[PDB]
Amino acid sequence: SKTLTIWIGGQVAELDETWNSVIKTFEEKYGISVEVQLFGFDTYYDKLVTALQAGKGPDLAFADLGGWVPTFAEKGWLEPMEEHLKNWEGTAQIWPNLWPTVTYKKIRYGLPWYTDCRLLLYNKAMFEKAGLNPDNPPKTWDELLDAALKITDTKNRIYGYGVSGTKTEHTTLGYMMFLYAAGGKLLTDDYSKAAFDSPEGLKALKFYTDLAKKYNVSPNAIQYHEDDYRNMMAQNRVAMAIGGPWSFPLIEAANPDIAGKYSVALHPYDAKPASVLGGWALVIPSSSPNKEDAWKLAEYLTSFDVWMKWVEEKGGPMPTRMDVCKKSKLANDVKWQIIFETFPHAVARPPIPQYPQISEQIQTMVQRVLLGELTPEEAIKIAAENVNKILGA
Ligand SMILES: OC[C@]1(O)OC[C@@H](O)[C@H](O)[C@@H]1O
């Protein structure tokens with residue numbers, strides 16, 4: 001009596017014409033009507049939590065691979081998908097580093113649908129205009145700073161490197177990119193304790209925020225993040241940001257003339273190369289009255305034919321299926337060589353129910369420094385203390 005309802009969230013929800021085509025094909029094939037709701041990234045967690053707490057909303061929902069599935073599963077909000085995955089042809093094709101991201105107490109509660117890792121996204125034409133070689137992007141923090149300073153011309157609203165400092169996950173991810181590039185870690189290996197209140201973590205915090213505050217190579221970091229910077233990049237106003245394969249269809253939609261005029265590279269680093277893992281899974285709420293049809297939709301959406309067509313048309317994000325990654329023409333593109341080589345090393349946000357609260361502490365830490373309310377030393381002390389209380393609660 002309830003129409004099958006899917007909630008699609010995050011940046012990929014902008015590809016609404018592609019989604020409509022995909023869903024219509026499903027309806028034709030299965031004779032099941034689908035109610036679709038699309039959600040922007042920045043408020044999607046709060047909306048999804050609101051619904052799951054109430055026992056209402058979707059039969060199938062997007063959930064971030066960055067800790068949401070363990071958080072929801074711990075509460076009993078999600079239907080287990082072990083039995084379905086055991087019987088599904090596709091299971092052995094999902095990149096294996098993705099299964100821990102949707103696992104709670106050795107049970108899988110989500111089906112990874114797209115994935116990514118984070119990289120330097122940069123604008124070739126802007127490098128060239130500044131007298132830099134586009135095909136030789138910065139490899140180190142020192143080179144990143146030099147290139148960012150050389151490109152920046154704030155008087156003409158031109159910026160070398162966009163720093164995310166909003167109260168959004170992008171800011172945590174930005175800090176993590178620099179933390180791991182400095183040879184630090186977010187939590188201890190057993191997740192019991194904060195690990196970022198270290199000399200490495202301080203160095204990362206100071207450089208990430210200095211790019212915005214001292215060196216002034218970013219638009220206002222308190223107001224803007226990765227997705228804003230990608231759109232500015234399409235206008236040739238921001239030369240470098242953190243991004244990845246989801247960025248590709250989106251930047252090309254914003255400015256079709258930018259095709260071929262942007263690329264990706266391993267993000268510049270200090271002590272160690274770093275990348276962070278991301279993406280979205282499909283989950284079925286335990287309160288759904290339509291659980292079997294919801295699985296049928298998940299199965300269809302994560303099928304070979306659907307993902308082959310998606311990649312053919314849109315060129316991103318990265319399929320969670322190995323066979324599509326390997327059999328599609330993605331590998332012909334140099335952008336994708338870099339992605340496939342980096343992905344297996346990408347570090348994961350901790351797959352624990354505490355993660356969203358922890359991310360909130362990292363966001364606040366960065367913001368308070370950017371706002372001049374706290375020194376990096378003061379901010380990182382407080383954040384780590386709060387994370388340890390969260391983990392001990
Ligand atoms: O694909 C980009 C993305 O949606 O950005 C936000 C992250 O939290 C997600 O995991 C994903 O990487």
# chains A, B, ... in the order shown; residues from 1 in each chain; ligands from 1

call {"tool": "residues_around", "arguments": {"residues": "stretch 368-377 of chain A", "least_positions_apart": "3", "cutoff": "8 Å", "atoms": "only C-alpha atoms", "output": "ChimeraX atom specification"}}
result
/A:165,202,205-206,209,212-213,221-222,364-365,380-381

call {"tool": "write_last_selection", "arguments": {"atoms": "N, CA and C atoms", "output": "mmCIF file, in the first residue's frame"}}
result
data_model
loop_
_atom_site.group_PDB
_atom_site.id
_atom_site.type_symbol
_atom_site.label_atom_id
_atom_site.label_comp_id
_atom_site.auth_asym_id
_atom_site.auth_seq_id
_atom_site.Cartn_x
_atom_site.Cartn_y
_atom_site.Cartn_z
ATOM 1 N N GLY A 165 36.279 24.710 5.033
ATOM 2 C CA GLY A 165 36.166 25.055 6.441
ATOM 3 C C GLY A 165 34.753 25.255 6.944
ATOM 4 N N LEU A 202 49.144 18.386 14.541
ATOM 5 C CA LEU A 202 49.259 19.832 14.696
ATOM 6 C C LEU A 202 49.816 20.465 13.420
ATOM 7 N N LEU A 205 47.081 20.524 10.910
ATOM 8 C CA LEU A 205 46.105 21.559 11.228
ATOM 9 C C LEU A 205 46.618 22.962 10.870
ATOM 10 N N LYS A 206 47.865 23.236 11.216
ATOM 11 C CA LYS A 206 48.460 24.543 10.926
ATOM 12 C C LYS A 206 48.586 24.785 9.418
ATOM 13 N N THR A 209 44.943 25.142 7.707
ATOM 14 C CA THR A 209 44.330 26.442 7.994
ATOM 15 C C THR A 209 45.208 27.631 7.544
ATOM 16 N N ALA A 212 44.488 29.004 4.131
ATOM 17 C CA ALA A 212 43.393 29.952 4.127
ATOM 18 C C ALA A 212 43.707 31.272 4.868
ATOM 19 N N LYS A 213 44.378 31.231 6.023
ATOM 20 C CA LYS A 213 44.521 32.409 6.906
ATOM 21 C C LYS A 213 45.759 33.284 6.702
ATOM 22 N N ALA A 221 37.223 30.155 3.590
ATOM 23 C CA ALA A 221 37.094 28.746 3.920
ATOM 24 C C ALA A 221 35.926 28.470 4.864
ATOM 25 N N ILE A 222 35.557 29.458 5.674
ATOM 26 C CA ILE A 222 34.434 29.283 6.584
ATOM 27 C C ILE A 222 33.126 29.111 5.802
ATOM 28 N N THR A 364 34.521 21.497 13.944
ATOM 29 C CA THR A 364 34.568 22.601 14.886
ATOM 30 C C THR A 364 36.013 23.066 15.139
ATOM 31 N N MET A 365 36.915 22.107 15.281
ATOM 32 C CA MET A 365 38.337 22.367 15.452
ATOM 33 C C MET A 365 38.849 23.291 14.339
ATOM 34 N N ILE A 380 43.038 21.663 18.855
ATOM 35 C CA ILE A 380 43.309 20.244 18.696
ATOM 36 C C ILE A 380 43.249 19.521 20.059
ATOM 37 N N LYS A 381 43.666 20.191 21.139
ATOM 38 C CA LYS A 381 43.486 19.661 22.487
ATOM 39 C C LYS A 381 42.026 19.371 22.810
#

call {"tool": "residues_around", "arguments": {"residues": "stretch 34-41 of chain A", "least_positions_apart": "5", "cutoff": "9 Å", "atoms": "only C-alpha atoms", "output": "list in words"}}
result
residues 3, 4, 5, 6, 7, 8, 9, 10, 11, 12, 13, 14, 16, 20, 23, 24, 26, 27, 47, 58 and 168 of chain A

call {"tool": "closest_residue", "arguments": {"among": "A:253, A:176, A:211, A:61", "to": "residue A:118", "atoms": "only C-alpha atoms"}}
result
A:176

call {"tool": "residues_around", "arguments": {"residues": "residue A:143", "least_positions_apart": "4", "cutoff": "12 Å", "atoms": "only C-alpha atoms", "output": "VMD selection string"}}
result
chain A and resid 132 136 to 139 147 to 150 267 to 270

call {"tool": "select_by_dssp", "arguments": {"residues": "stretch 68-171 of chain A", "states": "strand (DSSP E)", "output": "mmCIF file with N, CA and C atoms, in the first residue's frame"}}
result
data_model
loop_
_atom_site.group_PDB
_atom_site.id
_atom_site.type_symbol
_atom_site.label_atom_id
_atom_site.label_comp_id
_atom_site.auth_asym_id
_atom_site.auth_seq_id
_atom_site.Cartn_x
_atom_site.Cartn_y
_atom_site.Cartn_z
ATOM 1 N N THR A 103 29.764 -2.728 7.375
ATOM 2 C CA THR A 103 29.690 -3.875 8.268
ATOM 3 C C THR A 103 29.585 -3.438 9.732
ATOM 4 N N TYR A 104 28.676 -4.095 10.450
ATOM 5 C CA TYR A 104 28.526 -3.912 11.892
ATOM 6 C C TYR A 104 28.496 -5.315 12.515
ATOM 7 N N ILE A 107 28.249 -8.259 10.175
ATOM 8 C CA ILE A 107 27.071 -8.347 9.334
ATOM 9 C C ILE A 107 27.045 -7.155 8.383
ATOM 10 N N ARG A 108 26.800 -7.429 7.103
ATOM 11 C CA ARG A 108 26.697 -6.351 6.121
ATOM 12 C C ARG A 108 25.282 -5.790 6.107
ATOM 13 N N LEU A 111 24.749 -2.080 0.572
ATOM 14 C CA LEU A 111 25.319 -2.506 -0.711
ATOM 15 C C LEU A 111 26.025 -1.298 -1.326
ATOM 16 N N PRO A 112 27.370 -1.280 -1.314
ATOM 17 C CA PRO A 112 28.078 -0.142 -1.937
ATOM 18 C C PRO A 112 27.649 0.022 -3.394
ATOM 19 N N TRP A 113 27.222 1.225 -3.757
ATOM 20 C CA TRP A 113 26.742 1.512 -5.114
ATOM 21 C C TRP A 113 27.761 2.321 -5.946
ATOM 22 N N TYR A 114 28.296 3.418 -5.400
ATOM 23 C CA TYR A 114 29.468 4.034 -6.019
ATOM 24 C C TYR A 114 30.510 4.311 -4.971
ATOM 25 N N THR A 115 31.743 4.402 -5.445
ATOM 26 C CA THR A 115 32.854 4.689 -4.564
ATOM 27 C C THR A 115 33.777 5.734 -5.209
ATOM 28 N N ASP A 116 34.828 6.070 -4.477
ATOM 29 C CA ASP A 116 35.772 7.089 -4.874
ATOM 30 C C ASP A 116 36.972 7.058 -3.940
ATOM 31 N N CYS A 117 37.998 7.822 -4.299
ATOM 32 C CA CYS A 117 39.015 8.190 -3.321
ATOM 33 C C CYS A 117 39.337 9.644 -3.606
ATOM 34 N N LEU A 119 41.628 13.048 -4.089
ATOM 35 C CA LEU A 119 42.806 13.437 -4.865
ATOM 36 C C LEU A 119 42.867 14.943 -5.020
ATOM 37 N N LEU A 120 43.983 15.416 -5.559
ATOM 38 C CA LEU A 120 44.041 16.784 -6.050
ATOM 39 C C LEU A 120 43.286 16.846 -7.376
ATOM 40 N N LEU A 121 42.273 17.705 -7.406
ATOM 41 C CA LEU A 121 41.567 18.117 -8.629
ATOM 42 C C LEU A 121 42.112 19.462 -9.057
ATOM 43 N N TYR A 122 42.503 19.613 -10.321
ATOM 44 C CA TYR A 122 43.099 20.871 -10.721
ATOM 45 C C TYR A 122 42.802 21.240 -12.162
ATOM 46 N N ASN A 123 42.966 22.536 -12.427
ATOM 47 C CA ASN A 123 42.555 23.195 -13.649
ATOM 48 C C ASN A 123 43.796 23.473 -14.485
#

call {"tool": "atom_distance", "arguments": {"atom1": "atom CA of residue A:234", "atom2": "atom CA of residue A:125"}}
result
10.7 Å

call {"tool": "residues_around", "arguments": {"residues": "stretch 342-345 of chain A", "least_positions_apart": "3", "cutoff": "9 Å", "atoms": "only C-alpha atoms", "output": "ChimeraX atom specification"}}
result
/A:97,116-119,266,273-277,337-339

call {"tool": "write_last_selection", "arguments": {"atoms": "N, CA and C atoms", "output": "short mmCIF file (atom, residue, chain, number, x, y, z; two decimals), in the first residue's frame"}}
result
data_model
loop_
_atom_site.label_atom_id
_atom_site.label_comp_id
_atom_site.auth_asym_id
_atom_site.auth_seq_id
_atom_site.Cartn_x
_atom_site.Cartn_y
_atom_site.Cartn_z
N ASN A 97 37.67 -3.73 -0.24
CA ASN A 97 37.93 -2.77 0.80
C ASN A 97 36.68 -2.02 1.15
N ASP A 116 34.83 6.07 -4.48
CA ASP A 116 35.77 7.09 -4.87
C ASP A 116 36.97 7.06 -3.94
N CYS A 117 38.00 7.82 -4.30
CA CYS A 117 39.02 8.19 -3.32
C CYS A 117 39.34 9.64 -3.61
N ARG A 118 39.97 10.30 -2.64
CA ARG A 118 40.20 11.73 -2.77
C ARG A 118 41.60 12.06 -3.21
N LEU A 119 41.63 13.05 -4.09
CA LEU A 119 42.81 13.44 -4.87
C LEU A 119 42.87 14.94 -5.02
N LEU A 266 47.61 12.41 -7.33
CA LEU A 266 47.80 12.16 -5.91
C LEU A 266 47.93 13.50 -5.17
N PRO A 273 52.33 9.56 1.26
CA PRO A 273 51.16 9.67 0.38
C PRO A 273 49.88 9.33 1.12
N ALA A 274 48.82 10.07 0.82
CA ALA A 274 47.53 9.83 1.45
C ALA A 274 46.36 10.04 0.51
N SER A 275 45.34 9.23 0.74
CA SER A 275 44.04 9.41 0.14
C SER A 275 43.04 8.88 1.13
N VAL A 276 41.82 9.40 1.07
CA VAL A 276 40.71 8.93 1.91
C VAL A 276 39.63 8.31 1.00
N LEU A 277 39.09 7.18 1.46
CA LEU A 277 38.07 6.40 0.78
C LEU A 277 36.68 7.02 1.00
N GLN A 337 43.63 6.19 -14.44
CA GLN A 337 44.79 5.40 -14.07
C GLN A 337 45.22 5.75 -12.67
N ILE A 338 45.23 7.05 -12.41
CA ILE A 338 45.65 7.58 -11.14
C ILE A 338 44.70 7.14 -10.02
N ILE A 339 43.41 7.12 -10.33
CA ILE A 339 42.39 6.74 -9.37
C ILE A 339 42.54 5.27 -8.99
#

call {"tool": "residues_near_ligand", "arguments": {"ligand": "ligand 1", "cutoff": "6 Å", "atoms": "only C-alpha atoms and all ligand atoms", "output": "MDAnalysis selection string"}}
result
chainID A and resid 10:11 64:66 116 169 246 278:279

call {"tool": "write_last_selection", "arguments": {"atoms": "N, CA, C and O atoms", "output": "mmCIF file, in the first residue's frame"}}
result
data_model
loop_
_atom_site.group_PDB
_atom_site.id
_atom_site.type_symbol
_atom_site.label_atom_id
_atom_site.label_comp_id
_atom_site.auth_asym_id
_atom_site.auth_seq_id
_atom_site.Cartn_x
_atom_site.Cartn_y
_atom_site.Cartn_z
ATOM 1 N N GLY A 10 23.425 13.180 -1.715
ATOM 2 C CA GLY A 10 24.805 13.528 -1.960
ATOM 3 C C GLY A 10 24.947 14.189 -3.300
ATOM 4 O O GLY A 10 23.961 14.475 -3.991
ATOM 5 N N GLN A 11 26.187 14.430 -3.701
ATOM 6 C CA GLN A 11 26.432 15.163 -4.928
ATOM 7 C C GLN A 11 25.868 14.465 -6.178
ATOM 8 O O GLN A 11 25.500 15.146 -7.120
ATOM 9 N N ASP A 64 26.124 7.199 3.317
ATOM 10 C CA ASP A 64 27.565 7.449 3.112
ATOM 11 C C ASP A 64 28.414 6.273 3.616
ATOM 12 O O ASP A 64 28.215 5.762 4.704
ATOM 13 N N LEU A 65 29.371 5.841 2.796
ATOM 14 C CA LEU A 65 30.325 4.833 3.233
ATOM 15 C C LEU A 65 31.176 5.315 4.410
ATOM 16 O O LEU A 65 31.798 4.504 5.112
ATOM 17 N N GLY A 66 31.193 6.623 4.646
ATOM 18 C CA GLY A 66 31.920 7.202 5.762
ATOM 19 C C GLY A 66 31.168 7.129 7.077
ATOM 20 O O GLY A 66 30.776 8.155 7.649
ATOM 21 N N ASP A 116 34.828 6.070 -4.477
ATOM 22 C CA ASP A 116 35.772 7.089 -4.874
ATOM 23 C C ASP A 116 36.972 7.058 -3.940
ATOM 24 O O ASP A 116 36.976 6.352 -2.927
ATOM 25 N N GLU A 169 31.068 17.566 6.265
ATOM 26 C CA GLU A 169 32.021 16.476 6.227
ATOM 27 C C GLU A 169 33.250 16.822 5.397
ATOM 28 O O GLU A 169 34.304 16.278 5.658
ATOM 29 N N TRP A 246 33.693 11.474 -8.596
ATOM 30 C CA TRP A 246 32.344 12.067 -8.626
ATOM 31 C C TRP A 246 32.357 13.475 -9.226
ATOM 32 O O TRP A 246 31.339 13.952 -9.741
ATOM 33 N N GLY A 278 35.851 6.998 -0.036
ATOM 34 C CA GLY A 278 34.476 7.441 0.088
ATOM 35 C C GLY A 278 33.513 6.732 -0.845
ATOM 36 O O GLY A 278 33.867 5.795 -1.566
ATOM 37 N N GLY A 279 32.259 7.191 -0.806
ATOM 38 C CA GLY A 279 31.215 6.638 -1.643
ATOM 39 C C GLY A 279 29.889 6.534 -0.909
ATOM 40 O O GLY A 279 29.724 7.098 0.196
#

call {"tool": "residues_around", "arguments": {"residues": "residue A:323", "least_positions_apart": "2", "cutoff": "8 Å", "atoms": "only C-alpha atoms", "output": "list in words"}}
result
residues 93, 304, 321, 325, 326 and 327 of chain A

call {"tool": "atom_distance", "arguments": {"atom1": "atom CA of residue A:92", "atom2": "atom CA of residue A:319"}}
result
13.6 Å

call {"tool": "closest_residue", "arguments": {"among": "A:290, A:302, A:236, A:192", "to": "residue A:129", "atoms": "only C-alpha atoms"}}
result
A:236

call {"tool": "residues_around", "arguments": {"residues": "residue A:289", "least_positions_apart": "5", "cutoff": "9 Å", "atoms": "only C-alpha atoms", "output": "tab-separated table (two decimals) with N, CA, C and O atoms, in the first residue's frame"}}
result
chain	number	residue	atom	x	y	z
A	1	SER	N	0.83	-1.20	0.00
A	1	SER	CA	0.00	0.00	0.00
A	1	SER	C	0.87	1.26	0.00
A	1	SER	O	0.39	2.36	-0.28
A	2	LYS	N	2.15	1.09	0.32
A	2	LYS	CA	3.14	2.17	0.20
A	2	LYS	C	3.95	1.94	-1.07
A	2	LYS	O	4.46	0.84	-1.30
A	59	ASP	N	12.13	3.18	1.59
A	59	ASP	CA	12.34	1.74	1.57
A	59	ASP	C	13.78	1.40	1.19
A	59	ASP	O	14.29	0.36	1.59

call {"tool": "atom_distance", "arguments": {"atom1": "atom CA of residue A:155", "atom2": "atom CA of residue A:228"}}
result
19.3 Å
